[PDB]
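Since the structure comes first, as structure tokens, the remarks are kept for the end.
Residue numbers (the authors' numbering), protein chains in the order written: chain A, 261 to 358; chain A', 261 to 358. A prime marks a further copy of an entry chain.
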């Protein structure tokens, strides 16, 4: 006894510290799991926001890109028009023929 | 023209960089959202593991704590037994009375 009292007490004090650390661990994981879920939630909404911001950025570039093409095709047509008017004057100066 | 060509080109190059950055942003959020979900998954399983490790730590302490109480109650009973035997000898030396 008394010697034994000192043991079954420091033993109590180790079993009690390990139980506290084991509570710490569960406590920490619950905090972690919770801030994660919050970052997740915040990221998803920041993603649909960025998604819309990108779809507009790319529909703008698509529509500038097609404007540029539509302009170059009109320049090309203009030169084919000039070619064509020139071939139709050679056709009308030839078609006489009287 | 040509002066204009230099502009509608550096303009193209800015619209194209902003569209790349906007893709970067969506790209980054998708990576983030994904590693989060993985940490979440890893934390939940590390939580049920820690949960079981704590329930055992606490059922051990509960059962050491009740052993200690059961021992102290048996020590107390032993002293009440001695009290009681002493009061029953005074009862039997008195009950004679003959």
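Ideal Cβ placement from N, Cα and C applies to all residues, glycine included.
Asked                                                                                                                      : Found
CB contact check: residue 276 of chain A to chain A', cutoff 8 Å                                                           : yes
Where the segment 323-335 of chain A' meets chain A: residues whose CB sits under 9 Å from a CB there                      : 324, 325, 328
Backbone secondary structure at residue 284 of chain A' - three-state DSSP                                                 : helix
Cα-Cα separation between residue 317 of chain A' and residue 284 of chain A, rounded to whole angstroms                    : 12 Å
Length of the line joining the Cα atoms of residue 329 of chain A' and residue 271 of chain A                              : 15 Å
Segment contact, 8 Å Cβ cut-off, at least three pairs: the segment 307-314 of chain A' with the segment 284-296 of chain A : yes
Residue 355 of chain A' (DSSP reduced to helix, strand or coil)                                                            : coil
Three-pair Cβ contact test at 8 Å for the segment 266-280 of chain A versus the segment 337-353 of chain A                 : no
Any chain A' beta carbon closer than 8 Å to residue 303 of chain A                                                         : yes
Buried versus exposed call for residue 320 of chain A' [16 or more other C-beta atoms within 10 Å across all chains shown] : exposed
Below-8 Å beta-carbon distance, residue 261 of chain A vs any chain A' residue                                             : no
The segment 289-304 of chain A' contacting the segment 294-307 of chain A, beta-carbon criterion three pairs below 8 Å     : yes
Beta-carbon proximity of residue 295 of chain A' to residue 293 of chain A, cut-off 8 Å                                    : no
Cβ-based contacts, 8 Å cut-off: residues of the segment 287-300 of chain A' near chain C                                   : Considering every chain present, this structure includes no chain C. Its protein chains are A and A'.
Per-residue contacts from residue 321 of chain A' into chain A (C-beta, under 7 Å)                                         : 275, 276, 279
Among A/348, A/281, A/347, the one whose alpha carbon lies nearest that of residue 310 of chain A'                         : A/281
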